[PDB]
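Undergrad: Sequence plus experimental coordinates follow:
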Amino acid sequence: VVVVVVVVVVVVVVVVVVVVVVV
Amino acid sequence: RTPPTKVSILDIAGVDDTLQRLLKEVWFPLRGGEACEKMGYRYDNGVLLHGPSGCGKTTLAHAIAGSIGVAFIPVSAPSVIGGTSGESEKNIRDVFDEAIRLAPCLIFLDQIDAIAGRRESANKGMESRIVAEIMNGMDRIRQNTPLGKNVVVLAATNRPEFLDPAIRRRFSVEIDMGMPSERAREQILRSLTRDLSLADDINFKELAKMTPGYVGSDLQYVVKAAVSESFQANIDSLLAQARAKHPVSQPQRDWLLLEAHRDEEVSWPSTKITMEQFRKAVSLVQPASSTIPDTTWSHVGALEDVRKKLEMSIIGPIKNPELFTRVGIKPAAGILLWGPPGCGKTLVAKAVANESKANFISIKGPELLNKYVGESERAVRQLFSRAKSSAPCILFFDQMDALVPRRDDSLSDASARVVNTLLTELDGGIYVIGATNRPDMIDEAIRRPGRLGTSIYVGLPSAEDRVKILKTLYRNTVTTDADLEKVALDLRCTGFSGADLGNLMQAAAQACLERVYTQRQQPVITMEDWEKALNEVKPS
Amino acid sequence: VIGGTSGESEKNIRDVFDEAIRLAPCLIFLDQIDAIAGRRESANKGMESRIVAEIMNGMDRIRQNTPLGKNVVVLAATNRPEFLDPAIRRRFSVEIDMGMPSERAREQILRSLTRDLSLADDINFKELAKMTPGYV
Amino acid sequence: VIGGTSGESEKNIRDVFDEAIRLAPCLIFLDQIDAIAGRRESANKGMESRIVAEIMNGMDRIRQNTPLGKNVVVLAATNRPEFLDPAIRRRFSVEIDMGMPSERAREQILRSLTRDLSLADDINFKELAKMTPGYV
Amino acid sequence: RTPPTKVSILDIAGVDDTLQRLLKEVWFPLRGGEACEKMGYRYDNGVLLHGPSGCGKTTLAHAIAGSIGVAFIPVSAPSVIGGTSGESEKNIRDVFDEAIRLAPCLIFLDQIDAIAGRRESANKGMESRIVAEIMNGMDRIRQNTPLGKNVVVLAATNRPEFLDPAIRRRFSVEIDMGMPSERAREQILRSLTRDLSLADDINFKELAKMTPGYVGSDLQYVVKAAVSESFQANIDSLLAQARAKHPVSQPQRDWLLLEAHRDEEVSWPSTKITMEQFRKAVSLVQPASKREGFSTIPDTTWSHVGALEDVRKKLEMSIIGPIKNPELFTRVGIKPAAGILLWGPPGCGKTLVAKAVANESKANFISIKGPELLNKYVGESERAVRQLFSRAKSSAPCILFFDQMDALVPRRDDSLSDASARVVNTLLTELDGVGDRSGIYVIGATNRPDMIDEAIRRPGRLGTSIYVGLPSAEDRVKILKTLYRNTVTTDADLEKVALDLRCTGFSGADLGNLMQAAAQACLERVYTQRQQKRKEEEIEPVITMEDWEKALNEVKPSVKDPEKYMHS
Ligand SMILES: Nc1ncnc2c1ncn2[C@@H]1O[C@H](COP(=O)(O)OP(=O)(O)OP(=O)(O)O)[C@@H](O)[C@H]1O
Ligand SMILES: Nc1ncnc2c1ncn2[C@@H]1O[C@H](COP(=O)(O)OP(=O)(O)OP(=O)(O)O)[C@@H](O)[C@H]1O
Ligand SMILES: Nc1ncnc2c1ncn2[C@@H]1O[C@H](COP(=O)(O)OP(=O)(O)OP(=O)(O)O)[C@@H](O)[C@H]1O
Ligand SMILES: Nc1ncnc2c1ncn2[C@@H]1O[C@H](COP(=O)(O)OP(=O)(O)O)[C@@H](O)[C@H]1O
Ligand SMILES: [Mg+2]
Ligand SMILES: [Mg+2]
Ligand SMILES: [Mg+2]
């Protein structure tokens, strides 16, 4: 039995946003 | 992947329009493929079902599959994805190949949106590759299938807008399973209660009227709740039989009694479900979605003049939609109630909502104003977004003068942007009610006909009206009636509104608690409790 | 539930919902279902995402493949109700909240626990119940 | 193309271009190339970058290993040409934009679609073309 | 199968609390199981050893095994894997069966987390089956036993959080060895220095006081470092012989000289370690706790801080004091832990005194530069804050300095996003977990206290506020003298410069700018001075009083509104 290298899923990240103000 | 002959067409109802399209778009290119074969034209149709969750999307695709009789391959989108990145495409490539190998065949991609999402925001390589694999597998169906037999792909999703436009284009037929109407919900209720023994008082039309915003799944719980209530009488009888056989708490003994017999079986009498249990079942079941107010006209004292205006413009055109529509009376979008605060504007709007059996949403003033450019207008639009989905629904805007001021030159660009949003939405079964105590500050474009063009004035009671309200309030909480006349005719209630009389009753109730507390240191609401309640309640 | 193959785990589950249906009426106890049926938003593991699908499909076969009066009821117990998939907890209308035992109930538990032990004669299984109003 | 192990995915691409060179003249059709040729800049990963670098290496061998007598043409189609990596997008000498058909094109499309069918002489394709404004 | 009768209890010290629990939880249900048999009580206790790495977990589990005397089956997680997917379970099934067959027995699963990680992320099929086989093997212990000859499985790991919850639930008994205290470290040092030759001045109690945050492994390096210092004299003599034999930098020659002979080995005289070498050894040894995340000690002393006597007294009585005399202060109800929020106008010395406190307390120092802990991944931003206090407790006493803290705990308004709020909440809970007798001294500095959350300033949190403001006219004299003294006019001229009305609003930074302006004015004068006296490099630049005269004119205070920073 030989263990092969297997690729997997990726992590999730965070994203900053900018919000306008009518005042 | 054999078709399950388990769920039948009789078990799926309220889809008469939907079942008509599925006959010439799913049934024909799966069983009568020979006609297409003589013409020599493959019929590849990807049917897409979408709507609110619980509308009977999964059940319909299984009832159709069991009736057509052709091979059926149920596919669930989350189970396609495997541990390895390449294995996810392996599962899909083993489906579209199998359908081609076993043509004619029916493919059901349940919860398609779980994998066919927008590959734009799905920046991950695997996410963007499942969509590509799905679209290529559909082209191979159009290419590699024989002229004799067709393969139909059925997709179900509650968010059709999340689908990749490269994918939603491949589903030409789109059926939007909206929510059933009163006529449609009656058909569903009859379909569910088809193998059961029923009484004669069951009015399925009445059940449909008082279940707004329910879906097929919610109505199944209502039936399930009523069935359990129907067996309550069959359990007490079952307990009595066990008790009569045997001369630790009571529930533990009941389990022990039923453990004794086991193989010994006694007959359960066949009783039937009444209508009162169905009314009880609806109350016990809270729909996933607001709720009809508990206020009736018995909670509303006097205001007969206001009631007649309200019973002729809103309440009437709900109970008999055909009687009013026979004489050309369109259901006005709403009523603009106005008068001093605290006089029963919100109370009567809740009474209208309850005698109309429709959903009720209340806004207590400037709750929608936001410091941002878009979220303030989106709150108003979201208000009508749920109101349509739960039609019939009554929207009550309390103190609406802060949300739609007059569009004068001195208005800036924040309240004008809200008036315009509200004007368009009122143009778009929704009964909007507005309340304001300064009608000179509300926009004149709102009070036009078709918009809230009907104004009903709800004002302060004089003297006889407060007697009815005080009697009404005291009656619904349990002093007699002779003392209530003295309290309401007292000169200290000269300016009392409806809320002040309600505040007066709470003050008297608190005075009762003070009397009980001193009684137990050394209960009936007495006149002396009202005496100190008159002093500590102000008209405000 | 866990098998020697990723696909074999569903085979074991598919051998449960089929056996209960084949031997209906039957009782299925999914003790701590949420331990292998958690939310799969961040669970990209292939096995995790297939148990939820297998669980929900197995309940429909119960409604279909039974002689009407030979129902099969699946009873699930879990100390973490929050890990259940909202797609599954909606399908479980009846929820029984066991809660914490009372003073009378805790005396029975203490006697039951100290059943295989050698005990003295001064042990009054009443003082222990009094001073454990928050014990499970 | 995508495989499970590390070098399996990249070796499938190398086999495709080597097969085309061995079969020259040949026509490679990379359907939905944006699925595997996405921008490794923003899409940061290990396999994704090696897939892109294998196509760039592959698309250079075909124009240098062919024996000047037979040519290999690579055809690729994508709805999102902007998602392709610029190193791969620049490797296509010709970009052809096939926009939505016009009125003249829609009439021709209907005739080709309505070619193996039986039609009545009353059908006016000009009316059909003019009543389908935003149809592809 | 046999105990490792080569390490004894005497060789492991400072674990008195741990050895007390291990007596009634491991030794008893392995040698006195007959009493349990008479009692009639199965022992399902899975004993788990956890704590900081290097606390002596592996050595203790082997010293206990050799002392109990019952059959011992050492298990190493990497050695379990043999080369086949099914063979891994064969090795585990050969352990729990052998222990049952040879009951009573002790199983030591060293580095259990290497084969008992979280199963949620265990994508590989083989990895997820070893955990199942291990957990099932513990149930077989409860079943296939006479309830008398119990078998106890002992697992040791430095990462208790990595264990599969399916396994950690089966380990009811968890022993947290933790890090040794001052009393315990003295015992370890005496135990470690038992086969060595020592002097008479060695105060092991004094050595334990000045080694906070050290573990048993770290204290072994201190002894090992001191041994090398004892051999330093024996190397110089060896070097001198090589120099006398042979008529490139000096250290390179030493390697070359010793590389030459390589065979002419000379006797090393048997000297003993003194107390001065132990003090040298402690400095050279960096404890495993201080390896990562700890800032270098600042070079600022109290001689660099001018005036600020009120701030100095508060800092020398709340941080510096309790660190030096933890017993003197605890007698008067002064707990050895504080949270201080320095605030004031910019340029007045908030960071200066915090760097002086970190240097004058001789304690461990961790500095966070504003929003340095924020990370773009989910959870990793909050784990950094929790890990920040996970090392501050382990290295107590420790000083946490949050500089410009208004960026790490902003006011929780509507415009905050669900990423920094999750960090503010995490930071609030960790400050609550800082015990009164924990030893963590948190210092915060910010020049805009009106933008920092008010929830951080409650008691238990940074409830101590010290205001660092603009100096007075007499205060600037101490600061100007301090600045000029640390860079080399005398001191009488400095009073005239600092008392000048042109420095009315000068902060500490402004006074430093004033000195720099005078220094630049000196060089400009020197450049013209050396052009008139020359047309040889012997020009002498000296800061004169006239340089201060033109420096006062061209320097203005950096603070615009002094009263803008007195509002909170
Ligand atoms: N038109 C209908 N006729 C009969 N029963 C219905 C109808 N609509 C729904 N039901 C019942 O309600 C349930 C609907 O199941 P189904 O899984 O199809 O819901 P859905 O609309 O697909 O929503 P979801 O996507 O959340 O599953 C079933 O128990 C079905 O019996
Ligand atoms: N209290 C102590 N007394 C004497 N020596 C100690 C003590 N604690 C640790 N040591 C020494 O430090 C080393 C400890 O090795 P061990 O593997 O037990 O560390 P650990 O605490 O188990 O950490 P890890 O599990 O990360 O290896 C040994 O060389 C041992 O002699
Ligand atoms: N009492 C003082 N004696 C001598 N120099 C001082 C004194 N106070 C401040 N300084 C000088 O001013 C500098 C200010 O450094 P520091 O970072 O502490 O400023 P601050 O007061 O914290 O303002 P900021 O909010 O900008 O950080 C010191 O490094 C030192 O050069
Ligand atoms: N005709 C009435 N009969 C009984 N109660 C009334 C009547 N009118 C008003 N009330 C009481 O006054 C209170 C306030 O009602 P309403 O004026 O509709 O809301 P608001 O005071 O917020 O405008 C209610 O709680 C209700 O009990
Ligand atoms: Mg469904
Ligand atoms: Mg160790
Ligand atoms: Mg500073």
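TA: Cool, the structure landed. Numbers count the residues shown, from 1 in each chain, chains lettered A, B, ... in the order given. Ligands and ions are numbered 1, 2, ... in the order given.
Undergrad: make it CA atoms for all contacts and neighbour counts henceforth
TA: Noted.
Undergrad: what's around residue A:18, how many residues?
TA: 6 (other Cα atoms under 10 Å in any protein chain shown).
Undergrad: which residues touch residue 5?
TA: Here I'm looking at chain A. Contacts of residue A:5 were listed using Cα atoms under 8 Å, 6 or more residues apart in numbering or on different chains, and they are D:5, D:6.
Undergrad: sorry, should have said chain B
TA: Under the criterion of Cα under 8 Å, 6+ apart, the neighbours of residue B:5 are B:66, B:67, B:69.
Undergrad: For it, give me phi and psi.
TA: Listed backbone geometry of residue B:5 is phi -90, psi 60, with angles given as degrees, to the nearest 10.
Undergrad: now residue B:46
TA: The phi and psi torsions at residue B:46 (degrees, to the nearest 10) take the values phi -90, psi 110.
Undergrad: Looking at strand pairing, list the partners for it.
TA: Beta-bridge partners of residue B:46, counted by DSSP bridges, are residue B:153.
Undergrad: Spit out the contact partners of it.
TA: By Cα under 8 Å, 6+ apart, the contact set of residue B:46 is B:152, B:153, B:154, B:155, B:170, B:171, B:172, B:173.
Undergrad: tell me the contacts of the last one?
TA: If I follow you right, that is residue B:173. Residues counted as contacts of residue B:173 (Cα under 8 Å, 6+ apart) are B:45, B:46, B:47, B:48.
Undergrad: so how far is residue E:470 from the first one?
TA: Shown here: residue B:45 relative to residue E:470, a distance of 80 Å by Cα to Cα, to the nearest Å.
Undergrad: swap in residue B:506?
TA: For residue B:506 relative to residue E:470 (Cα to Cα), the value is 59 Å.
Undergrad: Now for whatever residue of the stretch 151-300 of chain B ends up closest to chain A, how many residues are close by?
TA: Distances from the stretch 151-300 of chain B to chain A, computed as Cα to the nearest Cα, single out residue B:162 as the nearest residue at 19.2 Å. The local packing of residue B:162 (other Cα under 10 Å) involves 15 other residues.
Undergrad: Would you agree it is in contact with residue B:117?
TA: Yes. In terms of Cα atoms under 8 Å, residue B:162 counts as a neighbour of residue B:117; the distance is 5.7 Å.
Undergrad: Residues of chain B that sit close to chain A?
TA: B:83, B:84, B:85, B:124, B:126, B:371, B:372, B:373, B:414 (Cα under 8 Å from any Cα of the partner chain).
Undergrad: May I see the ChimeraX selection of the buried members of the contacts of residue B:46?
TA: Selection of buried members from those for ChimeraX, criterion 16 or more other Cα atoms under 10 Å in any protein chain shown:
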select /B:152,153,154,155,170,171,173
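Undergrad: Going by neighbour count, which residues in stretch B:368-379 are buried?
TA: Going by neighbour count (16+ other Cα under 10 Å), the buried part of stretch B:368-379 is B:368, B:369, B:370, B:373, B:376, B:377, B:378, B:379.
Undergrad: same thing with stretch B:307-324?
TA: Result for stretch B:307-324 [16+ other Cα under 10 Å]: buried residues B:307, B:309, B:310, B:311, B:313, B:314, B:315, B:316, B:317, B:318, B:324.
Undergrad: export those residues to TSV and tack on secondary structure and distance to residue A:15?
TA: Putting the buried residues of stretch B:307-324 into TSV (DSSP: H, G, I helix; E, B strand; the rest coil; distance: Cα to Cα, whole Å) gives the following:
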residue	secondary structure	distance to residue A:15
B:307	helix	55
B:309	helix	55
B:310	helix	52
B:311	helix	54
B:313	helix	51
B:314	coil	49
B:315	coil	50
B:316	helix	53
B:317	helix	51
B:318	helix	49
B:324	helix	55
